[PDB]
Amino acid sequence: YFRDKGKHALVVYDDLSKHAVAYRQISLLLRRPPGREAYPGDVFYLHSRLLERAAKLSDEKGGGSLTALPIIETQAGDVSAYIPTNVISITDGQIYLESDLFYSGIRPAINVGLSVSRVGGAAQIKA
Amino acid sequence: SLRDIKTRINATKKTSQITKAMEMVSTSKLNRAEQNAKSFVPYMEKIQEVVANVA
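Residues numbered from 1 in each chain as written, not as in the entry; some residues may be left out. Chains lettered and ligands numbered in written order. Part of a larger assembly, values for the part shown. Heavy atoms only, no water.

- Method information in the entry identifies cryo-EM as the source of the structure, with 2.46 Å recorded as the resolution.

Points about the pattern of salt bridges
Residues and elements named next belong to chain A.
Argument step 1. Taken as a whole and judged by the stated rule, the model has four salt bridges over all chains.
Argument step 2. Between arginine 3 and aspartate 4 there is a salt bridge; the shortest N-O distance is 2.7 Å.
Argument step 3. One salt bridge connects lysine 18 with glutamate 73, and the closest N-O pair in it is separated by 2.9 Å. Remark: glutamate 73 occurs in the loop between β2 (65-70) and α3 (82-90) and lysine 18 occurs in helix α1 (residues 16-29); sequence separation between them is 55 residues.
Argument step 4. If you follow the salt bridges from partner to partner, you end up with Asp15, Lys18 and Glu73 in one network. (Salt bridge = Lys/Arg side-chain N within 4 Å of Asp/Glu carboxyl O. Helix = DSSP H or I, 4+ residues; strand = E, 2+ residues; numbered from the N terminus.)

Here we look at the environment of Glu37(A)
Residues and elements named next belong to chain A.
Argument step 1. Topologically, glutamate 37 is positioned in the loop between α1 and α2 (43-51).
Argument step 2. For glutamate 37 and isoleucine 83, which are 46 residues apart along the polypeptide, the C-alpha to C-alpha distance reads 9.1 Å.
Argument step 3. If sequence neighbours within four positions are ignored, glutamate 37 has contacts with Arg24, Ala81 and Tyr82. (Contact = heavy atoms within 4.5 Å.)

Concerning the environment of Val11(A)
Residues and elements named next belong to chain A.
Argument step 1. Here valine 11 is to be found in strand β1 (residues 8-13).
Argument step 2. A residue is classified by how much of its surface remains accessible, and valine 11, at 22% relative accessible area, is partly exposed.
Argument step 3. Here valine 11 is in contact with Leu66, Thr67, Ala68 and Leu69, once residues within four sequence places are set aside. (Buried < 20%, exposed > 50% of the residue type's maximum accessible area, 1.4 Å probe, protein only.)

Regarding the nonpolar core
Residues and elements named next belong to chain A.
Argument step 1. Formed by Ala20, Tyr23, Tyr39, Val43, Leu46, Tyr82 and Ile83, the largest nonpolar core amounts to seven residues.
Argument step 2. Sorting the residues of this core by element identifies α1, α2 and α3 as the ones contributing at least two each.
Argument step 3. Residues within four places of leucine 46 in sequence aside, it is in contact with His19 and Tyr23. (Core = buried A, V, L, I, M, F, W, Y, C linked by side-chain atoms within 4.5 Å.)

Quick notes on helix α1 (residues 2-54) of chain B
Argument step 1. In this model, α1(B) (53 residues) spans 75 Å end to end at C-alpha, consistent with the 78 Å of a helix rising 1.5 Å per residue.
Argument step 2. Bending of α1(B) peaks at approximately 35° at the position of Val41(B), with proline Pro42(B) no more than four residues after it. (Expected span 1.5 Å × (residues − 1). Bend = angle between axes of the 7 residues up to and from the residue.)

What to know about the side chain of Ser27(A)
Residues and elements named next belong to chain A.
Argument step 1. Among the secondary structure elements, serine 27 is positioned in helix α1.
Argument step 2. Reaching out from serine 27, the side chain makes a polar contact with the backbone oxygen of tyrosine 23 at a distance of 2.8 Å.
Argument step 3. Excluding anything up to four places from it in sequence, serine 27 contacts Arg32 and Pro40. (Polar contact = N/O pair within 3.5 Å; in protein donor to acceptor, adjacent residues only side chain to side chain.)

What follows is the structure, encoded as structure tokens:
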């Protein structure tokens, strides 16, 4: 609504991992055939149909914007899992948090040598 | 976790590479140093003989 009227908006999804689990529950109880890590084949289309709605419009459309910050939880550091690799491929960048840095006293706990944004440079100011 | 074992393998492999590199350069240094120490024996013996027999 704010984007369609020329204003800016930010949307946070506290955990997409619990949202995928909620869909797995409904799909298995409805008897749709399972795939990888017991999830339905439909699960990539679930998050991509959601996250592609965040965009910056053209001046003819009004110049409005919507940015997204989805969150995912990894089991024991497994970034190679189904839902994590699926959402890592959809986003324009990822911030990686380490359980190791967090107890070592690097408090925000961000892995700067692994985290990436494609828009880097274009997003920042000249200074 | 498999990731903890795998990252520990990469780190230990880097240490193995590091230790082997230093062992071979030290082996090369020893082969020369052992010969060098032995090469000065006749000078060390001749100087000890002249200073002792003169004193």
